[PDB]
Amino acid sequence: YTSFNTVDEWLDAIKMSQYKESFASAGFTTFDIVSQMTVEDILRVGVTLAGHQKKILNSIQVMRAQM
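Under PDB author numbering, residues 7 to 73 are what the sequence shown spells out, in order.
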């Protein structure tokens, strides 16, 4: 996944239109901070939406995978 420009291009691949300013509060606006959390953090950013919360759960690993 080294073809992304910013968290906007990454969250876009997982369908996160209503998760922009939401990730800015927790600090997931780049390829690093968001690569150090789990499902407990998704519920904090405001991802109460079911399914969507578990979707980014495996996405957070896309960063630690190559890191």
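From the three backbone atoms N, C-alpha and C, an ideal C-beta is built for every residue, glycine too.
Rounded to the nearest angstrom, the gap between the Cα atoms of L17 and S23 is 8 Å. Closest in C-alpha terms to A32, from the list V13, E46, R50 and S41, comes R50.
With contacts defined by Cβ atoms closer than 9 Å, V53 and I66 do not form a contacting pair. Distances from the alpha-carbon of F34 to those of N64, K21, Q72 and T12 put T12 closest. In this structure, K60 sits away from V40, with a CB-CB distance that is not shorter than 9 Å.
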